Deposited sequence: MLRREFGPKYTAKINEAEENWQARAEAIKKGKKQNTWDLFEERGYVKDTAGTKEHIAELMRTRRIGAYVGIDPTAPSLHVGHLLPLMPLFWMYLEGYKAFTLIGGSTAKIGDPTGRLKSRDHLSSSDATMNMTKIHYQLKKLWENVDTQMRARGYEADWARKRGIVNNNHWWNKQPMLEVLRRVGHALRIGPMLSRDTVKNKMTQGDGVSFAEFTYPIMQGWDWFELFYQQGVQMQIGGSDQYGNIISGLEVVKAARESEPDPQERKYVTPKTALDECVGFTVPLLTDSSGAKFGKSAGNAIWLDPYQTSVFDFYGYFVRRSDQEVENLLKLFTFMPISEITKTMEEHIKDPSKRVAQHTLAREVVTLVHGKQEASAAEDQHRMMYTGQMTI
């Protein structure tokens, strides 16, 4: 598909960015530079892919694509469980892609089927605040990890209420509703599970993945977003989302828009993947400690208790978590584990994980103070 028209000044910068991206692409082809896709694989972020690995790898190599993660504001704080899909997104941002965190302002009212507006508006506000705060810390870490400035690197926070507040139903149905079949939607475990056992599925719940697909269409249209990264349970939604985006791009009625939105080549298609489901060996969900989430908000979970959660991670899982939840180069993680196995009881690896994650969420100062506290002769049980 053709690039849209812009002014002469923006255009020059876009061309230079494309030239830079292609030098990067050739460096990857020659093996001088690791493809961010191969980084995803090496660090353990890839569970399921919508699109082949080879497809996604070559898209990532050849194009400075946009990617996104959606988050439904179902509570006033994010918790550490939310961090997992965000990490590969943050890596792409560090690498100079365009990366978006979409707040599901409208879609949280429908609710993602499993597997008051006063409060819901407050939650939206707080999630936006927290994502802005976290994105700022990503910038801090970008700078600390030696990544250079890049004009074409982009981050954003989008709320899907931007289109859902007024998006006509008729248009959605006409642009994608004829293309989407309910059999495949119904022939997916999440739907059959909730219908056979549980209290059935509402039309709104049934429609949720169509709305999430239209979200992706809106991000593709507006920001060139070709990739969705999803939580471990989002594979089905990503598959449906791809169908919705494809239908929408193929049904664009204006021939002038079709030049920009209708795919012309194989790599114009959208792609997605999901991150692993993280549990410990006792079955505990990552980010749950006792009957409680480990919140990013210090007013819900103290920094000390946030650090505590990570310092208590098992020796079995800690290397995997260093790869997933830090921006440490693999060589640095290898050296940490080398030190750690000299005497695991010292919890070198876990203190490192804690320091790195607290540093990302709460900053280096808070991280240092929390570490000091967790190295005192008494630290609680718990």
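**Prompt:** What are the unmodelled segments when the structure is compared with the full deposited sequence, in sequence order?
**Reply:** Counting from residue 1, the stretches without coordinates are 116-123, 391-392.
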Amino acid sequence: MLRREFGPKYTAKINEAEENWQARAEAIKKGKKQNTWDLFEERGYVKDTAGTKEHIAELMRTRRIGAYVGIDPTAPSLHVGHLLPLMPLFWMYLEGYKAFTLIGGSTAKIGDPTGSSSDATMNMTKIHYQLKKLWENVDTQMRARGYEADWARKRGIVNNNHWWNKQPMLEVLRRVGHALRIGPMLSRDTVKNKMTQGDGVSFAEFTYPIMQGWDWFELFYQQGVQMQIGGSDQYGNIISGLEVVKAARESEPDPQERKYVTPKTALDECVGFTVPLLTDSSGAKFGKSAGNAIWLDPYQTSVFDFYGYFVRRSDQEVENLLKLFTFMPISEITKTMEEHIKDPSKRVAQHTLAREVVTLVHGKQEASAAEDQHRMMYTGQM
From here on, numbers count along this sequence of modelled residues.
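**Request:** Identify the stretch, either 171-179 or 184-192, whose C-alpha atoms have the larger mean B-factor according to the entry.
**Result:** According to the PDB entry, the answer is 184-192.
**Request:** Compare the mean C-alpha B-factor of 151-159 with that of 285-293 as given in the PDB entry, and name the stretch with the higher value.
**Result:** That would be 285-293.
**Top Cα B factor in the deposited entry, candidates 269, 112, 139, 215** = Out of 269, 112, 139, 215, the record gives the largest C-alpha B-factor to 112.
**Prompt:** Quick one: which of 241, 255, 88, 308 has the biggest Cα B-factor according to the entry?
**Reply:** Largest recorded C-alpha B-factor: 255.
**Asked** residue 97: which third of its chain by C-alpha temperature factor?
**Response** Answer is lowest: the recorded C-alpha B-factor places it there.
**Item:** Ranked against its chain, the third holding the CA B-factor of residue 126
**Value:** Within its chain, residue 126 is a highest-third residue by C-alpha B-factor, going by the deposited values.
**Prompt:** Considering only modelled residues of the same chain, in which third does the CA B-factor of residue 132 rank: lowest, middle or highest?
**Reply:** Middle third of the chain for residue 132's C-alpha B-factor.
**Prompt:** What third of the chain, by the recorded C-alpha B-factor, contains residue 31?
**Reply:** Bottom third by C-alpha B-factor.
**Item:** Third of chain Cα B-factors occupied by residue 275
**Value:** It belongs to the lowest third of the chain when residues are ordered by C-alpha B-factor.
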